[PDB]
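Below: input-v3.cif (mmCIF, C-alpha atoms and all ligand atoms)
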```
data_input
#
loop_
_atom_site.label_atom_id
_atom_site.label_comp_id
_atom_site.auth_asym_id
_atom_site.auth_seq_id
_atom_site.Cartn_x
_atom_site.Cartn_y
_atom_site.Cartn_z
CA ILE M 1 22.86 -0.95 -9.89
CA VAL M 2 25.73 1.52 -10.31
CA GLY M 3 25.49 3.34 -13.60
CA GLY M 4 23.20 2.02 -16.32
CA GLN M 5 19.67 3.31 -16.59
CA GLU M 6 16.10 3.13 -15.46
CA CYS M 7 14.03 0.25 -16.71
CA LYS M 8 11.48 2.09 -18.76
CA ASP M 9 7.92 0.85 -18.92
CA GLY M 10 7.85 -2.89 -19.61
CA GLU M 11 11.60 -3.28 -20.17
CA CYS M 12 12.41 -5.47 -17.12
CA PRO M 13 9.19 -7.39 -16.48
CA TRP M 14 10.95 -10.56 -15.07
CA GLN M 15 12.27 -8.60 -12.09
CA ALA M 16 11.09 -9.83 -8.62
CA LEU M 17 11.97 -8.26 -5.29
CA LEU M 18 12.28 -10.13 -2.02
CA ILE M 19 10.85 -7.89 0.70
CA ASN M 20 11.37 -8.17 4.46
CA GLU M 21 8.74 -7.96 7.23
CA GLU M 22 9.40 -4.20 7.19
CA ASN M 23 8.32 -4.07 3.50
CA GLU M 24 11.92 -3.28 2.36
CA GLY M 25 13.74 -4.98 -0.50
CA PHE M 26 16.85 -6.90 0.46
CA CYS M 27 17.33 -9.05 -2.68
CA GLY M 28 16.17 -9.56 -6.23
CA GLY M 29 14.78 -12.55 -8.09
CA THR M 30 13.79 -13.54 -11.64
CA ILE M 31 10.26 -14.59 -12.53
CA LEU M 32 10.47 -18.02 -14.26
CA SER M 33 6.73 -18.83 -14.44
CA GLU M 34 3.45 -17.89 -12.69
CA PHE M 35 4.47 -20.02 -9.65
CA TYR M 36 8.30 -19.83 -9.55
CA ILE M 37 10.95 -17.26 -8.79
CA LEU M 38 14.71 -17.72 -9.20
CA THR M 39 17.03 -16.25 -6.65
CA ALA M 40 20.32 -16.61 -4.83
CA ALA M 41 20.75 -19.14 -2.03
CA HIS M 42 22.64 -16.54 0.03
CA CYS M 43 19.53 -14.34 0.05
CA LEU M 44 17.71 -16.82 2.31
CA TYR M 45 19.93 -15.85 5.25
CA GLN M 46 19.24 -12.12 4.88
CA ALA M 47 15.78 -12.33 6.50
CA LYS M 48 13.55 -14.79 8.37
CA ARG M 49 10.11 -14.35 6.85
CA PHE M 50 9.94 -12.57 3.45
CA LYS M 51 7.57 -12.08 0.55
CA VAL M 52 7.97 -11.50 -3.20
CA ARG M 53 6.89 -8.32 -4.98
CA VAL M 54 6.53 -8.03 -8.78
CA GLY M 55 5.54 -5.31 -11.28
CA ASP M 56 7.12 -2.53 -9.28
CA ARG M 57 9.30 -0.02 -11.16
CA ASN M 58 9.05 2.84 -8.68
CA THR M 59 8.87 1.65 -5.04
CA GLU M 60 7.75 5.09 -3.77
CA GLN M 61 4.64 5.22 -5.98
CA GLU M 62 2.05 2.81 -7.40
CA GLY M 65 0.97 -3.39 -11.71
CA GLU M 66 2.36 -4.28 -8.24
CA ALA M 67 1.47 -7.52 -6.39
CA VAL M 68 2.95 -9.11 -3.27
CA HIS M 69 3.14 -12.93 -3.16
CA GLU M 70 3.76 -15.22 -0.22
CA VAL M 71 6.26 -18.03 -0.61
CA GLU M 72 4.91 -21.56 -0.18
CA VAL M 73 8.15 -23.46 -0.71
CA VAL M 74 11.81 -22.44 -0.50
CA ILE M 75 14.10 -24.77 -2.49
CA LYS M 76 17.73 -23.95 -1.64
CA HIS M 77 20.57 -25.74 -3.43
CA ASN M 78 21.89 -28.24 -0.84
CA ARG M 79 25.54 -27.58 -1.71
CA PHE M 80 25.52 -23.85 -1.08
CA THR M 81 27.78 -22.58 1.79
CA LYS M 82 28.83 -19.03 2.75
CA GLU M 83 32.46 -20.16 2.90
CA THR M 84 32.72 -20.58 -0.89
CA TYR M 85 29.54 -19.06 -2.31
CA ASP M 86 29.39 -21.97 -4.69
CA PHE M 87 26.00 -23.26 -5.79
CA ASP M 88 24.46 -19.90 -4.98
CA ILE M 89 20.97 -20.68 -6.30
CA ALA M 90 17.44 -21.08 -4.94
CA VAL M 91 13.94 -21.54 -6.39
CA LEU M 92 10.77 -20.16 -4.65
CA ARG M 93 7.33 -21.60 -5.18
CA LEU M 94 4.63 -19.02 -4.53
CA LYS M 95 1.33 -19.64 -2.71
CA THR M 96 -0.63 -17.85 -5.49
CA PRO M 97 0.13 -17.54 -9.21
CA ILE M 98 1.65 -14.32 -10.51
CA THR M 99 -0.69 -12.54 -12.95
CA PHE M 100 1.28 -11.44 -15.99
CA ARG M 101 0.67 -7.88 -17.11
CA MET M 102 2.59 -4.76 -18.03
CA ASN M 103 5.94 -5.00 -16.27
CA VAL M 104 5.22 -8.55 -15.01
CA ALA M 105 6.30 -11.46 -17.27
CA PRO M 106 8.77 -14.30 -17.09
CA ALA M 107 12.27 -14.60 -18.53
CA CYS M 108 12.89 -17.69 -20.72
CA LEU M 109 15.00 -20.56 -19.47
CA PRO M 110 17.34 -21.57 -22.28
CA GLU M 111 18.62 -25.04 -23.21
CA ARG M 112 22.13 -25.57 -21.81
CA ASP M 113 24.27 -26.22 -24.87
CA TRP M 114 22.65 -23.46 -26.91
CA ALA M 115 22.95 -20.92 -24.06
CA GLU M 116 26.64 -21.71 -23.55
CA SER M 117 27.56 -21.53 -27.24
CA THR M 118 25.23 -18.72 -28.22
CA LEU M 119 24.14 -16.57 -25.28
CA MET M 120 27.26 -16.63 -23.14
CA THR M 121 29.42 -15.75 -26.12
CA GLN M 122 27.32 -12.65 -26.95
CA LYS M 123 29.10 -9.39 -26.07
CA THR M 124 26.93 -8.46 -23.06
CA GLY M 125 24.10 -9.51 -20.71
CA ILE M 126 21.72 -7.23 -18.77
CA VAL M 127 21.61 -7.10 -14.98
CA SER M 128 18.77 -5.36 -13.14
CA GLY M 129 17.62 -4.44 -9.65
CA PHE M 130 16.62 -1.98 -6.90
CA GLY M 131 20.00 -2.18 -5.18
CA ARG M 132 22.38 0.70 -4.35
CA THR M 133 23.36 3.30 -7.01
CA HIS M 134 26.96 3.44 -5.69
CA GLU M 135 28.85 1.34 -3.12
CA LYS M 136 27.89 3.33 0.01
CA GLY M 137 24.64 4.97 -1.08
CA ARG M 138 21.08 3.90 -0.42
CA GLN M 139 18.89 1.51 -2.41
CA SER M 140 17.26 2.82 -5.53
CA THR M 141 13.59 3.66 -5.46
CA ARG M 142 13.59 3.06 -9.22
CA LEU M 143 14.17 -0.26 -10.95
CA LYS M 144 17.37 0.02 -12.96
CA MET M 145 19.17 -2.09 -15.56
CA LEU M 146 22.78 -2.18 -16.90
CA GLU M 147 24.47 -3.87 -19.92
CA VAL M 148 27.40 -5.84 -18.51
CA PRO M 149 30.05 -7.27 -20.83
CA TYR M 150 30.81 -10.93 -20.38
CA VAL M 151 34.32 -11.15 -18.99
CA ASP M 152 36.87 -13.80 -20.07
CA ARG M 153 37.08 -16.57 -17.36
CA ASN M 154 40.84 -16.24 -17.14
CA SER M 155 40.96 -12.43 -16.76
CA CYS M 156 38.26 -12.83 -14.17
CA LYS M 157 40.11 -15.55 -12.23
CA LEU M 158 43.18 -13.25 -12.24
CA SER M 159 41.06 -10.32 -11.02
CA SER M 160 39.59 -12.24 -8.10
CA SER M 161 40.80 -12.66 -4.54
CA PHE M 162 38.45 -15.65 -4.16
CA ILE M 163 38.02 -18.89 -6.13
CA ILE M 164 35.74 -18.48 -9.19
CA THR M 165 34.16 -21.96 -9.44
CA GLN M 166 32.61 -23.42 -12.65
CA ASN M 167 29.24 -22.56 -11.15
CA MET M 168 30.13 -18.86 -11.51
CA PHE M 169 30.92 -16.41 -14.31
CA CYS M 170 32.02 -12.75 -14.39
CA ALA M 171 30.44 -9.76 -16.03
CA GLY M 172 30.99 -6.03 -15.91
CA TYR M 173 33.91 -3.64 -16.34
CA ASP M 174 37.51 -3.43 -15.26
CA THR M 175 37.41 0.30 -14.44
CA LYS M 176 34.16 1.81 -15.75
CA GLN M 177 31.87 2.79 -12.86
CA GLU M 178 29.04 0.40 -13.81
CA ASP M 179 28.22 -2.69 -11.68
CA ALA M 180 25.49 -4.44 -9.68
CA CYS M 181 25.61 -3.73 -5.96
CA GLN M 182 24.05 -4.35 -2.52
CA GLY M 183 20.30 -5.15 -2.74
CA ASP M 184 20.64 -6.45 -6.34
CA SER M 185 21.81 -9.91 -5.26
CA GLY M 186 19.53 -12.78 -6.25
CA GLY M 187 18.30 -10.74 -9.22
CA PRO M 188 18.32 -11.25 -12.96
CA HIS M 189 21.12 -11.48 -15.40
CA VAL M 190 19.53 -12.04 -18.81
CA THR M 191 20.94 -12.19 -22.35
CA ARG M 192 19.02 -10.88 -25.33
CA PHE M 193 18.86 -12.95 -28.54
CA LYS M 194 16.69 -11.68 -31.40
CA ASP M 195 14.52 -9.58 -29.02
CA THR M 196 13.93 -12.47 -26.61
CA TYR M 197 15.48 -12.36 -23.17
CA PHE M 198 16.85 -15.54 -21.52
CA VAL M 199 18.00 -16.08 -17.90
CA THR M 200 21.73 -16.43 -17.93
CA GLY M 201 22.75 -15.63 -14.40
CA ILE M 202 21.81 -14.69 -10.86
CA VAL M 203 23.42 -11.65 -9.17
CA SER M 204 25.68 -13.40 -6.60
CA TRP M 205 28.69 -11.44 -5.33
CA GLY M 206 31.42 -8.87 -5.92
CA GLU M 207 34.34 -7.28 -4.03
CA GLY M 208 32.49 -4.01 -3.42
CA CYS M 209 30.63 -2.44 -6.35
CA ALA M 210 32.31 -1.26 -9.58
CA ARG M 211 35.83 -1.24 -8.06
CA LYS M 212 38.74 -1.30 -10.46
CA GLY M 213 40.26 -4.53 -11.26
CA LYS M 214 37.08 -6.19 -10.11
CA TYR M 215 33.98 -7.66 -11.73
CA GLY M 216 30.50 -8.80 -10.80
CA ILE M 217 30.22 -12.52 -10.06
CA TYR M 218 27.06 -14.29 -11.17
CA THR M 219 25.72 -17.81 -10.58
CA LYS M 220 25.95 -19.64 -13.95
CA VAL M 221 22.36 -20.61 -14.67
CA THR M 222 23.43 -23.03 -17.46
CA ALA M 223 25.10 -25.21 -14.77
CA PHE M 224 21.73 -25.49 -13.03
CA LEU M 225 19.08 -26.02 -15.73
CA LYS M 226 18.27 -29.61 -14.80
CA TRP M 227 18.24 -28.66 -11.12
CA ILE M 228 15.83 -25.78 -11.89
CA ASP M 229 13.67 -28.00 -14.04
CA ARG M 230 13.48 -30.50 -11.22
CA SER M 231 12.77 -27.86 -8.66
CA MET M 232 9.87 -26.57 -10.71
CA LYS M 233 8.18 -29.94 -11.01
CA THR M 234 7.64 -30.15 -7.23
CA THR U 80 34.56 -23.03 -41.02
CA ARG U 81 31.11 -21.71 -39.85
CA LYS U 82 28.38 -24.28 -40.63
CA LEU U 83 24.84 -25.20 -39.47
CA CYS U 84 24.11 -23.77 -35.95
CA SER U 85 27.35 -21.78 -36.06
CA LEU U 86 26.15 -20.00 -39.23
CA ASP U 87 23.77 -17.33 -37.95
CA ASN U 88 22.14 -19.70 -35.37
CA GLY U 89 21.08 -21.98 -38.27
CA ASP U 90 18.41 -19.38 -39.12
CA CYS U 91 16.51 -20.37 -35.93
CA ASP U 92 14.69 -17.77 -33.81
CA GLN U 93 15.77 -19.46 -30.58
CA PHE U 94 17.37 -22.90 -29.86
CA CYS U 95 19.51 -24.51 -32.56
CA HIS U 96 20.72 -28.11 -32.24
CA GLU U 97 22.50 -30.07 -35.00
CA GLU U 98 20.85 -33.50 -35.55
CA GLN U 99 22.18 -35.91 -38.18
CA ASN U 100 24.27 -33.09 -39.70
CA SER U 101 21.29 -30.78 -40.22
CA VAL U 102 19.98 -27.77 -38.28
CA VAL U 103 17.05 -28.48 -35.96
CA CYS U 104 15.40 -25.40 -34.38
CA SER U 105 13.23 -25.41 -31.22
CA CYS U 106 11.63 -22.85 -28.86
CA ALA U 107 11.27 -22.02 -25.14
CA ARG U 108 8.19 -23.22 -23.27
CA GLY U 109 5.18 -21.20 -24.30
CA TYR U 110 6.20 -20.86 -27.94
CA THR U 111 5.47 -23.13 -30.86
CA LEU U 112 7.80 -23.69 -33.80
CA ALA U 113 6.31 -22.18 -37.00
CA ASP U 114 5.65 -24.29 -40.13
CA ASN U 115 8.96 -23.09 -41.57
CA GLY U 116 10.61 -24.99 -38.71
CA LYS U 117 12.59 -21.89 -37.63
CA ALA U 118 10.37 -19.16 -36.20
CA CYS U 119 8.99 -19.31 -32.64
CA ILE U 120 5.38 -18.21 -32.13
CA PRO U 121 3.95 -17.34 -28.73
CA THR U 122 1.03 -19.56 -27.74
CA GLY U 123 -0.63 -17.02 -25.59
CA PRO U 124 -0.09 -13.69 -24.00
CA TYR U 125 2.90 -12.69 -21.95
CA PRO U 126 5.32 -15.17 -23.52
CA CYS U 127 8.61 -15.54 -21.67
CA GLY U 128 11.51 -13.28 -22.66
CA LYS U 129 9.47 -10.45 -24.17
CA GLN U 130 9.32 -6.90 -22.82
CA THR U 131 5.69 -6.04 -22.24
CA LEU U 132 3.91 -3.51 -24.46
CA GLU U 133 0.48 -3.88 -22.84
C1 LIG M 301 34.07 -13.04 1.46
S1 LIG M 301 33.57 -14.74 1.54
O1 LIG M 301 32.26 -14.74 2.10
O2 LIG M 301 34.60 -15.46 2.21
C2 LIG M 301 33.59 -15.48 -0.10
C3 LIG M 301 34.13 -16.78 -0.24
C4 LIG M 301 34.19 -17.41 -1.51
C5 LIG M 301 33.71 -16.74 -2.65
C6 LIG M 301 33.17 -15.44 -2.51
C7 LIG M 301 33.11 -14.81 -1.24
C8 LIG M 301 32.53 -13.43 -1.19
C9 LIG M 301 33.37 -12.32 -1.49
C10 LIG M 301 32.88 -11.00 -1.46
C11 LIG M 301 31.52 -10.80 -1.12
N1 LIG M 301 31.03 -9.47 -1.08
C12 LIG M 301 31.71 -8.38 -0.40
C13 LIG M 301 30.56 -7.42 -0.11
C14 LIG M 301 29.61 -7.65 -1.30
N2 LIG M 301 28.22 -7.44 -0.95
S2 LIG M 301 27.17 -6.63 -1.88
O3 LIG M 301 25.94 -6.89 -1.19
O4 LIG M 301 27.64 -5.30 -2.07
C15 LIG M 301 27.20 -7.35 -3.46
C16 LIG M 301 27.77 -6.56 -4.56
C17 LIG M 301 27.90 -7.03 -5.96
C18 LIG M 301 28.66 -6.37 -6.94
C19 LIG M 301 28.54 -7.06 -8.18
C20 LIG M 301 27.69 -8.19 -8.03
CL1 LIG M 301 27.30 -9.31 -9.29
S3 LIG M 301 27.05 -8.41 -6.49
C21 LIG M 301 29.85 -9.09 -1.66
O5 LIG M 301 29.10 -9.78 -2.33
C22 LIG M 301 30.69 -11.92 -0.82
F1 LIG M 301 29.40 -11.69 -0.50
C23 LIG M 301 31.18 -13.24 -0.84
#
```
Using structure tokens, write down the structure from this file.
Amino acid sequence: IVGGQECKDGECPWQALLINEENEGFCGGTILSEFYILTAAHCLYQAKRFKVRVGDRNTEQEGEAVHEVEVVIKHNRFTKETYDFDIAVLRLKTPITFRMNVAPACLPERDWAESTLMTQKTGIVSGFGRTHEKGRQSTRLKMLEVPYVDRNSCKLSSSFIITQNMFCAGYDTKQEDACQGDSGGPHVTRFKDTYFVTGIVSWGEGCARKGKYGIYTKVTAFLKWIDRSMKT
Amino acid sequence: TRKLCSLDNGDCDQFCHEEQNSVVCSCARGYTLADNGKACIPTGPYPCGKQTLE
């Protein structure tokens, strides 16, 4: 996260972090339930064996619990060539215990989310990624309000094809964006003090560059898929 | 112009769906719809979508 602020105590409890064999975060995730994490499909190629950590706001200090993954469910249409269908569900070996800073984000119903959440002014993105394009990962969990960006303006801004499985959020010039290490993580939209999963950090042309926005997997396109994935 | 679910989310706390030209409210898993048929009440602790206070 470039810009924005620290998640203060209990503000981002659906955040998950995929950690490599070296105990370092390489991607984010969203807690959907005690057994399931939502992430990006492209994050499954950024490490061989990995685990999921939750309840961590400050990685340098000590809520935290590491969980092993039992099942990796990658969307079968994802490819690196297009980045389309960039979604994956993880089933954990042991259930997450909800507590301070550890709680799931709500999955919305499709029609309602599209007419009511995705038409709100902004969503919130969060993660332990870099604090500027060429810096190092953040030791602190951060969040950022990212304006939803008109599909057209976004298609015009992009050098790659924005599919219907993607949406854009962020700023044209303001130095606030998601970045490296945030991928796979949460985009949520607040409605009457309840936070709903709206997107998955997917890709961008750098981080916070002008004329450029963050590209997010459109969770509403995948609700049935997710629902299915969570039943087995 | 603005009617039912397009008028302030039909007064629902969460999901609003128009059925037979009337507002029908519903809630995410782990919440139950109150007797008023609008409010969503958490069934247990750590309901989805809420920042944690404890
Ligand atoms: C370049 S590509 O792989 O041919 C391709 C093809 C079709 C659609 C998109 C892309 C694409 C384009 C740019 C991509 N980049 C360039 C580097 C960047 N990596 S990152 O780890 O810094 C992610 C940064 C983000 C900023 C905002 C969000 Cl959201 S994610 C990133 O995601 C990328 F991963 C994929």
Name the residues in contact with residue U:103 at a cut-off of 10 Å, using only C-alpha atoms, excluding same-chain residues fewer than 3 positions from it; report them as a PDB file with C-alpha atoms, in the frame of the given file.
```pdb
ATOM      1  CA  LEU U  83      24.840 -25.200 -39.470  1.00  0.00           C
ATOM      2  CA  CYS U  84      24.110 -23.770 -35.950  1.00  0.00           C
ATOM      3  CA  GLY U  89      21.080 -21.980 -38.270  1.00  0.00           C
ATOM      4  CA  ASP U  90      18.410 -19.380 -39.120  1.00  0.00           C
ATOM      5  CA  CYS U  91      16.510 -20.370 -35.930  1.00  0.00           C
ATOM      6  CA  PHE U  94      17.370 -22.900 -29.860  1.00  0.00           C
ATOM      7  CA  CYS U  95      19.510 -24.510 -32.560  1.00  0.00           C
ATOM      8  CA  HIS U  96      20.720 -28.110 -32.240  1.00  0.00           C
ATOM      9  CA  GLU U  97      22.500 -30.070 -35.000  1.00  0.00           C
ATOM     10  CA  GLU U  98      20.850 -33.500 -35.550  1.00  0.00           C
ATOM     11  CA  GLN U  99      22.180 -35.910 -38.180  1.00  0.00           C
ATOM     12  CA  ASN U 100      24.270 -33.090 -39.700  1.00  0.00           C
ATOM     13  CA  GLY U 116      10.610 -24.990 -38.710  1.00  0.00           C
ATOM     14  CA  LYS U 117      12.590 -21.890 -37.630  1.00  0.00           C
TER      15      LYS U 117
END
```
Protein, DNA and RNA residues within 12 Å of (0.7, -14.2, -16.4), all atoms listed in the file, as an mmCIF file with C-alpha atoms, keeping the file's coordinate frame:
```cif
data_model
loop_
_atom_site.group_PDB
_atom_site.id
_atom_site.type_symbol
_atom_site.label_atom_id
_atom_site.label_comp_id
_atom_site.auth_asym_id
_atom_site.auth_seq_id
_atom_site.Cartn_x
_atom_site.Cartn_y
_atom_site.Cartn_z
ATOM 1 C CA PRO M 13 9.190 -7.390 -16.480
ATOM 2 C CA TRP M 14 10.950 -10.560 -15.070
ATOM 3 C CA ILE M 31 10.260 -14.590 -12.530
ATOM 4 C CA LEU M 32 10.470 -18.020 -14.260
ATOM 5 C CA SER M 33 6.730 -18.830 -14.440
ATOM 6 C CA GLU M 34 3.450 -17.890 -12.690
ATOM 7 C CA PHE M 35 4.470 -20.020 -9.650
ATOM 8 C CA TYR M 36 8.300 -19.830 -9.550
ATOM 9 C CA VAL M 54 6.530 -8.030 -8.780
ATOM 10 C CA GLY M 55 5.540 -5.310 -11.280
ATOM 11 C CA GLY M 65 0.970 -3.390 -11.710
ATOM 12 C CA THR M 96 -0.630 -17.850 -5.490
ATOM 13 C CA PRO M 97 0.130 -17.540 -9.210
ATOM 14 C CA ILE M 98 1.650 -14.320 -10.510
ATOM 15 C CA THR M 99 -0.690 -12.540 -12.950
ATOM 16 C CA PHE M 100 1.280 -11.440 -15.990
ATOM 17 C CA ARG M 101 0.670 -7.880 -17.110
ATOM 18 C CA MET M 102 2.590 -4.760 -18.030
ATOM 19 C CA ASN M 103 5.940 -5.000 -16.270
ATOM 20 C CA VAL M 104 5.220 -8.550 -15.010
ATOM 21 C CA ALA M 105 6.300 -11.460 -17.270
ATOM 22 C CA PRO M 106 8.770 -14.300 -17.090
ATOM 23 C CA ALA M 107 12.270 -14.600 -18.530
ATOM 24 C CA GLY U 109 5.180 -21.200 -24.300
ATOM 25 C CA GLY U 123 -0.630 -17.020 -25.590
ATOM 26 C CA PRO U 124 -0.090 -13.690 -24.000
ATOM 27 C CA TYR U 125 2.900 -12.690 -21.950
ATOM 28 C CA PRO U 126 5.320 -15.170 -23.520
ATOM 29 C CA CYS U 127 8.610 -15.540 -21.670
ATOM 30 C CA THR U 131 5.690 -6.040 -22.240
#
```
Shell of 10 Å around ligand LIG 301 (chain M) (all atoms listed in the file), written as a VMD selection string: chain M and resid 1 to 2 26 to 27 42 to 43 81 to 86 127 131 to 132 134 to 136 148 160 to 165 168 to 172 178 to 189 201 to 211 214 to 219
Do a neighbour search on residue M:152 at 10 Å with only C-alpha atoms, toss out local chain neighbours closer than 2 positions, and write the hits as number ranges by chain. M: 121, 149-150, 154-157, 169-171
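Separating atom CA of residue M:118 from atom CA of residue M:228 is a distance of 20.1 Å.
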Find the axis-aligned box for stretch 81-84 of chain U, covering all its listed atoms and adding 6 Å on each side, and write its centre and edge lengths in Å to one decimal as lines of an AutoDock Vina configuration file.
```
center_x = 27.6
center_y = -23.5
center_z = -38.3
size_x = 19.0
size_y = 15.5
size_z = 16.7
```
Have a look at atom CA of residue M:47 and atom CA of residue M:190 and let me know their distance in Å, one decimal. 25.6 Å
Judged by all atoms listed in the file, the minimum distance to residue U:104 among M:111, M:9, M:174, M:62 is found for M:111
Atom CA of residue M:45 to atom CA of residue M:140: how many Å, to one decimal? 21.7 Å
Quick one: residues within 10 Å of residue M:58, all atoms listed in the file counted, chain neighbours fewer than 4 positions away excluded, as a list in words?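 Surrounding residues, per the criterion: residues 6, 7, 62, 66, 130, 140, 141, 142, 143 and 144 of chain M.
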Write the residues of the preceding selection, restricted to C-alpha atoms, as a PDB file, in the frame of the given file.
```pdb
ATOM      1  CA  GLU M   6      16.100   3.130 -15.460  1.00  0.00           C
ATOM      2  CA  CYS M   7      14.030   0.250 -16.710  1.00  0.00           C
ATOM      3  CA  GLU M  62       2.050   2.810  -7.400  1.00  0.00           C
ATOM      4  CA  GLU M  66       2.360  -4.280  -8.240  1.00  0.00           C
ATOM      5  CA  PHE M 130      16.620  -1.980  -6.900  1.00  0.00           C
ATOM      6  CA  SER M 140      17.260   2.820  -5.530  1.00  0.00           C
ATOM      7  CA  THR M 141      13.590   3.660  -5.460  1.00  0.00           C
ATOM      8  CA  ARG M 142      13.590   3.060  -9.220  1.00  0.00           C
ATOM      9  CA  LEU M 143      14.170  -0.260 -10.950  1.00  0.00           C
ATOM     10  CA  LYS M 144      17.370   0.020 -12.960  1.00  0.00           C
TER      11      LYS M 144
END
```
Return the single residue from M:114, M:197, M:50, M:227 that is closest to residue M:73, with distances computed using all atoms listed in the file.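 Looking only at the distances to residue M:73, the closest residue turns out to be M:50.
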Leaving out residue M:39 and any residue of its chain fewer than 5 positions from it, which residues lie within 6 Å of it when counting all atoms listed in the file, given as a list in words? residues 29, 89, 90 and 186 of chain M
Shortest interatomic distance to chain U - which of M:198, M:173, M:87, M:80, counting only C-alpha atoms: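 That would be M:198, the residue with the smallest distance to chain U.
Closest approach to chain M among U:122, U:101, U:82, U:108: U:108, based on only C-alpha atoms.
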List every protein, DNA or RNA residue that has at least one atom no more than 7 Å from (17.6, -4.6, -20.7) in the file's coordinates, counting all atoms listed in the file, and write the result as a list in words.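 Counting all atoms listed in the file, I find these residues within 7 Å of (17.6, -4.6, -20.7): residues 11, 12, 126, 145, 146 and 147 of chain M.
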Would you pick out the contacts of residue M:53 at 6 Å or less, using only C-alpha atoms, so that residues sharing its chain but fewer than 4 positions from it are not included, and give the list as a compact mmCIF listing (two decimals) with C-alpha atoms, in the coordinates of the input?
```txt
# COMPACT_ATOMS: atom_id res chain seq x y z
CA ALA M 16 11.09 -9.83 -8.62
CA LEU M 17 11.97 -8.26 -5.29
CA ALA M 67 1.47 -7.52 -6.39
CA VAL M 68 2.95 -9.11 -3.27
```
